[PDB]
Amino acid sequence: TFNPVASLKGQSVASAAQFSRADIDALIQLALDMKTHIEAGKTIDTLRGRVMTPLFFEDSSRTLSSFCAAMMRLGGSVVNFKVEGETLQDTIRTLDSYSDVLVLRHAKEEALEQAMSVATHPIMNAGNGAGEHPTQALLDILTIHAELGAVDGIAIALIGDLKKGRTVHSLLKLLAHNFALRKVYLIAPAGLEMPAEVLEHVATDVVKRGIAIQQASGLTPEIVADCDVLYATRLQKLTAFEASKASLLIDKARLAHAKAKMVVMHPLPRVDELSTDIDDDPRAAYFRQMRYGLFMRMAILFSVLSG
């Protein structure tokens, strides 16, 4: 038997900022306990007879299938609903007529607002263009904790288009608010820096906790050697676009200067910014990261729906 994280009971999950550090600790432990259980071949039937409907206005097969698999590995059911129109509100009401939990993926933050304005069952926000992707943030935290043993104390590099990558903005805010980080490296090509508004947002936390923040335009052996986590992201189309790829690339040559105890992570999909020539390195955690996503989403759904 598992103990649900009681603060999530019957609650929509809109932003990772709605959780305390204690909530996150509890979700991490529950996800790991389920991982041990499931990987031992034992099953979970607690959500038998409960129905999830995903409503995905943009394709994200990676995130969608994880939510669906999480629901089914708890014994629950999943009903598809093809987006076909009528108002989004009326569509949500249609889902509520037969569902226990909704999973919404829409680029507009307004859509989540509108959905929650009428929904009678919990909505899981599966990601939007405002950078609120609560289960990605939480699975990223779980991955660090499970791979290294702790999140407190780490040096982490956030690597990519930090200007436009609003999901990484949210990840930084969550990490700085909840964990005693040692250092955050912000690695981005010239002109794609983390926005000043985000640094202002975390300033209270960074100064209370004494977290070092360092901006640079590329990786160096010294930065790599200092990091416990290299967190890479995809650069999507500046006149130095192709030329800047070499300074962010993580490959076998780059990992020559890395610690023995560190991980490389990436929310995926990747293009060329993460070479396949480290895919078999024990520190390459970005595939296991997806499996941590399965168990974090099980921990969340179990806690939301257990009664």
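Note that residue numbering follows the sequence shown and begins at 1.
- Deposited sequence between residue 237 and residue 238: 10 or more residues lack coordinates.
- A chain break between residue 84 and residue 85 is present, corresponding to 4 to 9 residues of the deposited sequence without coordinates.
- For the pair 72-80 and 145-153, the mean Cα B-factor is higher in 145-153.
- Relative to one another, 166-174 and 190-198 have unequal mean CA B-factors, and 190-198 is the one with the higher figure.
- Going by the entry's values, 161 shows the largest Cα B-factor out of 132, 96, 140, 161.
- Remark: of 120, 91, 215, 136, 215 shows the highest value [criterion: C-alpha B-factor in the PDB entry].
- The deposited CA B-factor of residue 20 belongs to the highest third of values across its chain.
- Ranked by C-alpha B-factor against the other modelled residues of its chain, residue 254 falls in the middle third.
- In the PDB entry, a CA B factor belonging to the lowest third of its chain's modelled residues is recorded for residue 50.
- Residue 66: CA B factor in the lowest third of modelled residues in this chain (values from the PDB entry).
- When the modelled residues of the chain are ordered by their C-alpha B factor, residue 230 lands in the lowest third.
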